[PDB]
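Encoded as structure tokens, the structure appears first; notes follow it.
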Amino acid sequence: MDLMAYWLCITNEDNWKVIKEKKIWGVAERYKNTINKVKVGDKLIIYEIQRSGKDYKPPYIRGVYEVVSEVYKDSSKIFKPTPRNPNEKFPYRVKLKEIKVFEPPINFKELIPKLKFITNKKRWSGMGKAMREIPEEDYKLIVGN
């Protein structure tokens, strides 16, 4: 079989809490093409987006998980949708096994200089993707924190 892959999964504060509790990662129809590339044994790195504004919160790496199921479809509600796409259920999912929850959480901005997948060290922040593959060496840098 193919080698294990490492996936950065982009989520928000509310859904991180759901992922942490239910140990399930899910994406919307628009991104099923990416999650379908996931397989048992792969690792998911949960990225919690920055909170901009006066109540600033840095972008966080909240934890790492092991994928323990093939991608399945389930529309039972578990995640928090947005007001503009209120009927979103993030039906494409995978079961997870907790590997490590970072305490304190990893401030992603502090890792920028050493992350190989981030080639633009100055402008990286600005997405349009729910999942991003990353190299084993970046996974190691993270999970070893």
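Every chain in the structure tokens takes a letter, A first, then B, and so on in the order presented; its residues are numbered from 1, and the ligands are numbered from 1 following the presented order.
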Can you tell me, as JSON, numbers by chain, which residues in segment 32-121 of chain A count as strand (DSSP E) by DSSP?
{"A": [43, 44, 45, 46, 47, 48, 60, 61, 62, 63, 64, 65, 66, 67, 72, 73, 92, 93, 94, 95, 96, 97, 98, 99, 100, 101, 102, 103, 104, 105, 106, 107]}
Would you mind exporting the chosen residues as a compact mmCIF listing (two decimals), in the first residue's frame, restricted to N, CA, C and O atoms?
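Just written: result_14.txt:
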```
# COMPACT_ATOMS: atom_id res chain seq x y z
N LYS A 43 -2.20 10.64 9.29
CA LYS A 43 -2.27 11.49 10.48
C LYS A 43 -2.92 12.81 10.11
O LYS A 43 -2.67 13.35 9.04
N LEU A 44 -3.77 13.31 11.01
CA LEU A 44 -4.43 14.59 10.82
C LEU A 44 -3.88 15.56 11.86
O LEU A 44 -3.76 15.22 13.04
N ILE A 45 -3.53 16.75 11.41
CA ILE A 45 -3.01 17.79 12.30
C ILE A 45 -4.08 18.86 12.32
O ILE A 45 -4.32 19.52 11.30
N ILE A 46 -4.72 19.05 13.47
CA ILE A 46 -5.80 20.02 13.58
C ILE A 46 -5.32 21.45 13.77
O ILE A 46 -4.65 21.78 14.75
N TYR A 47 -5.68 22.29 12.80
CA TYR A 47 -5.31 23.70 12.79
C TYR A 47 -6.56 24.53 13.09
O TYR A 47 -7.56 24.44 12.38
N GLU A 48 -6.49 25.34 14.14
CA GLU A 48 -7.60 26.18 14.56
C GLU A 48 -7.28 27.61 14.12
O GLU A 48 -6.33 28.23 14.62
N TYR A 60 -3.75 28.22 15.97
CA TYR A 60 -3.30 27.16 16.88
C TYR A 60 -3.15 25.82 16.16
O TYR A 60 -3.96 25.44 15.32
N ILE A 61 -2.13 25.02 16.52
CA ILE A 61 -2.23 23.58 16.28
C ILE A 61 -2.72 22.89 17.55
O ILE A 61 -2.04 22.84 18.57
N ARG A 62 -3.96 22.38 17.49
CA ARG A 62 -4.59 21.88 18.71
C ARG A 62 -4.21 20.44 19.05
O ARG A 62 -4.17 20.04 20.20
N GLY A 63 -3.97 19.63 18.00
CA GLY A 63 -3.63 18.23 18.28
C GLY A 63 -3.38 17.42 17.02
O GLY A 63 -3.51 17.89 15.90
N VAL A 64 -3.00 16.16 17.24
CA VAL A 64 -2.73 15.25 16.14
C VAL A 64 -3.54 13.98 16.37
O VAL A 64 -3.67 13.51 17.50
N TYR A 65 -4.09 13.44 15.28
CA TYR A 65 -4.92 12.25 15.33
C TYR A 65 -4.52 11.24 14.26
O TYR A 65 -3.91 11.59 13.25
N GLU A 66 -4.88 9.99 14.51
CA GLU A 66 -4.63 8.90 13.58
C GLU A 66 -5.96 8.57 12.93
O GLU A 66 -6.98 8.46 13.61
N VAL A 67 -5.96 8.42 11.61
CA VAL A 67 -7.19 8.08 10.90
C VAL A 67 -7.38 6.59 11.11
O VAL A 67 -6.47 5.80 10.83
N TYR A 72 -16.34 7.83 5.20
CA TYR A 72 -17.72 7.37 5.16
C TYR A 72 -18.62 8.60 5.07
O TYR A 72 -18.18 9.72 5.31
N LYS A 73 -19.88 8.38 4.70
CA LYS A 73 -20.82 9.48 4.58
C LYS A 73 -21.88 9.37 5.67
O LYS A 73 -22.52 8.34 5.83
N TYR A 92 -18.78 14.10 4.81
CA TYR A 92 -17.68 13.21 4.47
C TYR A 92 -16.76 13.17 5.67
O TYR A 92 -16.12 14.17 6.01
N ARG A 93 -16.69 12.01 6.31
CA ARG A 93 -15.92 11.88 7.55
C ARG A 93 -15.01 10.68 7.70
O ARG A 93 -15.08 9.71 6.94
N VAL A 94 -14.16 10.76 8.72
CA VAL A 94 -13.26 9.68 9.10
C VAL A 94 -13.20 9.63 10.62
O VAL A 94 -13.27 10.67 11.29
N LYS A 95 -13.12 8.42 11.15
CA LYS A 95 -13.01 8.20 12.59
C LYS A 95 -11.56 8.44 12.98
O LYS A 95 -10.65 8.17 12.19
N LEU A 96 -11.34 8.94 14.19
CA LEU A 96 -9.99 9.24 14.65
C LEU A 96 -9.60 8.60 15.96
O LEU A 96 -10.44 8.20 16.77
N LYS A 97 -8.29 8.52 16.16
CA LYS A 97 -7.70 8.01 17.39
C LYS A 97 -6.81 9.15 17.85
O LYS A 97 -5.96 9.62 17.09
N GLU A 98 -7.03 9.63 19.07
CA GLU A 98 -6.22 10.73 19.59
C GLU A 98 -4.76 10.31 19.77
O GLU A 98 -4.46 9.28 20.38
N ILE A 99 -3.85 11.11 19.22
CA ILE A 99 -2.42 10.83 19.34
C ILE A 99 -1.80 11.78 20.36
O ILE A 99 -1.04 11.36 21.23
N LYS A 100 -2.14 13.06 20.25
CA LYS A 100 -1.61 14.05 21.16
C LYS A 100 -2.40 15.36 21.09
O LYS A 100 -2.75 15.82 20.01
N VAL A 101 -2.69 15.92 22.26
CA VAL A 101 -3.40 17.20 22.34
C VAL A 101 -2.37 18.13 22.97
O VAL A 101 -1.88 17.88 24.07
N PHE A 102 -2.04 19.20 22.26
CA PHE A 102 -1.04 20.14 22.71
C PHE A 102 -1.48 21.12 23.79
O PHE A 102 -2.44 21.87 23.61
N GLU A 103 -0.78 21.08 24.92
CA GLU A 103 -1.05 21.96 26.05
C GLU A 103 0.28 22.48 26.59
O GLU A 103 1.06 21.73 27.18
N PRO A 104 0.56 23.78 26.38
CA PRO A 104 -0.30 24.73 25.68
C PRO A 104 -0.38 24.46 24.18
O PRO A 104 0.46 23.75 23.63
N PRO A 105 -1.41 24.99 23.52
CA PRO A 105 -1.53 24.77 22.07
C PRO A 105 -0.33 25.39 21.37
O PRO A 105 0.29 26.33 21.88
N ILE A 106 -0.01 24.88 20.19
CA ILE A 106 1.12 25.41 19.45
C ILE A 106 0.72 26.64 18.66
O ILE A 106 -0.21 26.59 17.86
N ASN A 107 1.41 27.76 18.89
CA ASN A 107 1.12 28.98 18.14
C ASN A 107 1.75 28.71 16.77
O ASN A 107 2.97 28.66 16.65
```
Can you check which residues of segment 76-129 of chain A DSSP gives as alpha helix (DSSP H) on the backbone and send them as a ChimeraX atom specification?
/A:108-111
Which residue of A:5, A:26, A:139, A:51 approaches residue 76 of chain A most closely, using only C-alpha atoms:
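Looking at the shortest contact to residue 76 of chain A, the residue is A:26.
The interatomic distance for the pair atom CA of residue 135 of chain A and atom CA of residue 52 of chain A works out to 27.9 Å.
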Quick one: residues within 12 Å of residue 77 of chain A, only C-alpha atoms counted, chain neighbours fewer than 4 positions away excluded, as a PyMOL selection string?
chain A and resi 15+18+22+24+26+73+81+86-93
